[PDB]
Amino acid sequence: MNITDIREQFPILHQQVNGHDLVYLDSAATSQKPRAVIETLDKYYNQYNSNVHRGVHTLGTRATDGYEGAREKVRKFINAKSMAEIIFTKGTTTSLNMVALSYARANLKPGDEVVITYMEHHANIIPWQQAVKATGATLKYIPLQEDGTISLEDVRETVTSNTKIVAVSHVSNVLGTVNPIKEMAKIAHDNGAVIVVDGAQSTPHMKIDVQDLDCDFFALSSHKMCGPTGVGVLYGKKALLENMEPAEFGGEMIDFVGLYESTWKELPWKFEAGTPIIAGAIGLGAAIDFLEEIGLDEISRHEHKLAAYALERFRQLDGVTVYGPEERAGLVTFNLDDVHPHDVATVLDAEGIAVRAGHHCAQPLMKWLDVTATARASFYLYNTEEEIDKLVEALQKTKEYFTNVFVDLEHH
């Protein structure tokens, strides 16, 4: 895995911000795209754009073939059994909302429980809040360990015989924690619950095997894995998807339409209403081809190296707090003592470095951490150890700057 050869394919990396070479460390917010993906979109719009689900003309046939072949690429990518289990959506948020609407709100009675965690992204919190409110069920939270991980015994304690759904993140976009998804799946199944995996942060950076995880549902976003914006995937076990009603209604998802009643298509098109995200889905397939040619295990090893290096170099900094465990994905969420993270991000961008500051759409996690906001640098396959050196040097410069600005008007 040659990182220079990889960076060469991402045109956006080769520019300056504020007179400094761009150092993009915000891939958890969104990832950048290689030329393969952009040129896939270009070839689609230049050569064979047409509405899909063929039968009539040539460009329509080519568009349909591209779209459904991207579906098959996704099926192979996460090791789903059937294309009927692969639903193209707007993103992770929409997929989780679909599960909450068509599964949760249809399978929850008073006394039932939906169990989530304190580290969940808002996308994996608010749909369940609304579903339990609509059904009169109960929302429960699995507590976290001191290092930001989840113990299996806390899972067994929180999940009960009344738990119908356990919704959990595969990888936390804040803590870097990789949750024991497989063991949690078996624990949930032992109590008669299904499991809903938020895999927005796992899918871009590590191999996904839905058959080995035995997840009942799995959600992912294209924009985080070198793919186009506005497209994502809902995977669900075919037996569960067959008994769920559609979340959206309209053309393409119908079979027979009467004046007052209608019948739906078979999976997966039952859950894809209207003209689909054709170009975006084909580009997501191109992104999958790109990542597979590089190898997800290679990318994960590279990110392990980056994360270990970054954790050590952060521990070389005085007055910096890092949140989460030692064993982690490729990201570091932190805070400088007596410097607000927003100012940290501002100064870093002045140095050309792109990080994120705020709650990272995980307010309950922020309150569990006893902070209002944090700063975060996230890595991907195009990032290098030199960029982490620049990051820690800029953090030291920031510490010194806000220190001596403080001492100067103390004297004044």
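All residue numbers are counted from 1 along the displayed sequence.
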item: Stretch with the higher entry mean CA B-factor, where the candidates are 244-252 and 277-285; value: 244-252
item: Residue range whose averaged C-alpha B-factor is higher in the record, 83-91 or 151-159; value: 151-159
item: Maximum C-alpha temperature factor, selected from 170, 140, 73, 270; value: 140
item: Maximum C-alpha temperature factor, selected from 35, 360, 43, 57; value: 57
item: Where the record places residue 339 (Cα B-factor, split into thirds across the chain); value: highest
item: Lowest, middle or highest third - CA B-factor, residue 197; value: lowest
item: CA B-factor placement of residue 351, once the chain's modelled residues are sorted into thirds; value: highest
item: CA B-factor ranking of residue 372, expressed as a third of its chain; value: highest
item: Modelled-residue ranking by C-alpha temperature factor, third containing residue 68; value: lowest
